[PDB]
Amino acid sequence: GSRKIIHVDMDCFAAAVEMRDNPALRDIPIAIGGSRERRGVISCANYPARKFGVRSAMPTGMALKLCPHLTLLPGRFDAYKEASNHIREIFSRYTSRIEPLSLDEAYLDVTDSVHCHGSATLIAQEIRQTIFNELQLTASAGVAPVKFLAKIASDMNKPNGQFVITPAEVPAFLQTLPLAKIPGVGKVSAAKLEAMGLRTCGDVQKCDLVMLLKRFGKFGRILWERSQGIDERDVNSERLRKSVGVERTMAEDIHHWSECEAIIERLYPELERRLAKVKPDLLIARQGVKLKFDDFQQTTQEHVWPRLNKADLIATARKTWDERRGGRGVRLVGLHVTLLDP
DNA sequence: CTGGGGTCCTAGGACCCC
DNA sequence: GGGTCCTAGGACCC
Ligand SMILES: Nc1ccn([C@H]2C[C@H](O)[C@@H](COP(=O)(O)NP(=O)(O)OP(=O)(O)O)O2)c(=O)n1
Ligand SMILES: [Mg+2]
Ligand SMILES: [Mg+2]
């Protein structure tokens, strides 16, 4: 039923806002991540740092081994939040059909738009431009008839570029497209798929659908459909936050309950403030806790609960601390609430 | 040498209904 | 024998 979807993605979003504000970081390797002393990971890295192999979700310990002159910045969320809200208002000028996927990211449906005539290519081009003129940062775009193809397209000519995929180009695009580039196919599934000899969508096009439903369930249908180019998901501008969590990893494993309670005492005020901005009465559906151990196993305990309550969080945290710790060190403790169904 | 914020999926037992 | 809720956990995303 061919639609036209624009996936915009900010390039090096967190880093780019650090460089715009201080140009001294424009041409030196910078990353936002948090110290190796605090056991942190890289969240964003500029291209000078990317040249050394620094990627997002990489432990800072390895980021420094690869690029020792990394200037690590901690990040200013409100600086990135304002930029985003500006980005989303720039989208508001071309369609109401806007589905943000994060701060730096949004699906735009422009099928029924009158703007740069009907050219999804020129709308994406002008949005990418207006962002630069108004925020001095750069965007990439992808244009496709479906959601995931427009997302894959947003990475192909980045940074500061776009890439269009028309319906006639789709069959050739999918034939060589490796399965792991499909959003929702990460490291584990890509490894089993390659264990079955499935690397590209061209390979799964020659597969049996009932076979894939046997082995992967609902995931096998999604797999088989994306390879045929099928992605009926609508751009939904109505999607709502469903949960609020606050967690913290300490410098080193903590071994006594006394220390773990000292962390919850600090975590709770932050969780309440962030819950208050969205729900002033603090009324919720479930609240609970999370511990992650030295062997990186993690357990959570959540239960029905009417209102964000600190003592019950401490209480339940010691029940896990006793029943499921088994004497290992603890590197992370976290708090959580599940919001009420709208 | 492994973050912090989330979404979505699965699955067994409890629970309720015929 | 059905269905929805409850809970824990895992894969995945930015
Ligand atoms: N694992 C990750 C991935 C992204 N992020 C944050 C930091 C990024 O600046 C922001 C943008 O997500 P992203 O698109 O995946 N990466 P980024 O936009 O910075 O670089 P490119 O999109 O140009 O590849 O999300 C994170 O905190 N942890
Ligand atoms: Mg980006
Ligand atoms: Mg993004």
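Letters A, B, ... are given to chains in the order of the sequence lines, protein chains preceding strands, and every chain is numbered from 1.
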Problem set entry | Given DNA chain B, 5'-ward residue of the pair A/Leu332 and A/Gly61, judged by closest heavy atom | A/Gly61

For this session: Name the nucleic acid region contacted by A/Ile182, choosing base, sugar-phosphate or nothing; use a 4.0 angstrom heavy-atom cut-off, strictly under.
Result: sugar-phosphate

Exercise. With a 4.5 Å heavy-atom cut-off, do A/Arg93 and A/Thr130 have their side chains touching?
Worked result: yes

Problem set entry | Derivation and outcome, side-chain hydrogen bond (donor to acceptor under 3.5 Å, both in side chains), residues A/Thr138 and A/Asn160 | CA-CA 6 Å; A/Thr138 184; A/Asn160 210 356; 3.0 Å; yes

Problem set entry | Under 4.0 angstrom between A/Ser56 side-chain N/O and C/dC14 OP1 or OP2 | no

For this session: Using atom NZ of A/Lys218 as one end and atom P of C/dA11 as the other, report the distance to the nearest whole Å.
Result: 18 Å

Exercise. Under 4.0 Å between a side-chain N or O of A/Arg274 and OP1 or OP2 of B/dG6?
Worked result: yes

Exercise. Considering only C/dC14, B/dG5, B/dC8, which nucleotide approaches the side chain of A/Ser102 most closely?
Worked result: C/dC14

For this session: Would you indicate what A/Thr299 reaches in the nucleic acid, counting non-hydrogen atoms under 4.0 angstrom: base, sugar-phosphate, or nothing?
Result: sugar-phosphate

For this session: Please work out if A/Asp9 contacts a base, only the sugar-phosphate, or nothing of the nucleic acid, heavy-atom cut-off 4.0 Å.
Result: nothing

For this session: Could you check whether A/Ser189 gets within reach of a base, just the sugar-phosphate, or nothing at all, counting any heavy atom under 4.0 Å?
Result: sugar-phosphate

For this session: Give one of base, sugar-phosphate or nothing for A/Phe296, where a contact means two heavy atoms less than 4.0 Å apart.
Result: base

Exercise. Between C/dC13 atom P and A/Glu105 atom CD, what is the distance in whole Å?
Worked result: 11 Å

For this session: For A/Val188, answer base if it contacts any base atom (sugar-phosphate contacts may also be present), sugar-phosphate if it contacts only those atoms, and nothing otherwise; contact means non-hydrogen atoms under 4.0 Å.
Result: sugar-phosphate

Exercise. Which part of the nucleic acid, if any, lies within contact of A/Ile42, taking any heavy atom under 4.0 Å across all strands shown: a base, the sugar-phosphate backbone alone, or nothing?
Worked result: nothing

For this session: Hunt down the Watson-Crick or G-U wobble partner of C/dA8, both distances under 3.5 Å, from any strand shown, or write none.
Result: B/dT10

Problem set entry | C1'-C2'-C3'-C4' based pucker assignment for B/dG5 | north

Exercise. Which part of the nucleic acid, if any, lies within reach of A/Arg331 when heavy atoms closer than 4.0 Å are counted: base, sugar-phosphate only, or nothing?
Worked result: sugar-phosphate

For this session: Check every strand shown and say whether A/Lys151 touches a base, only sugar-phosphate, or nothing at a heavy-atom separation below 4.0 Å.
Result: sugar-phosphate

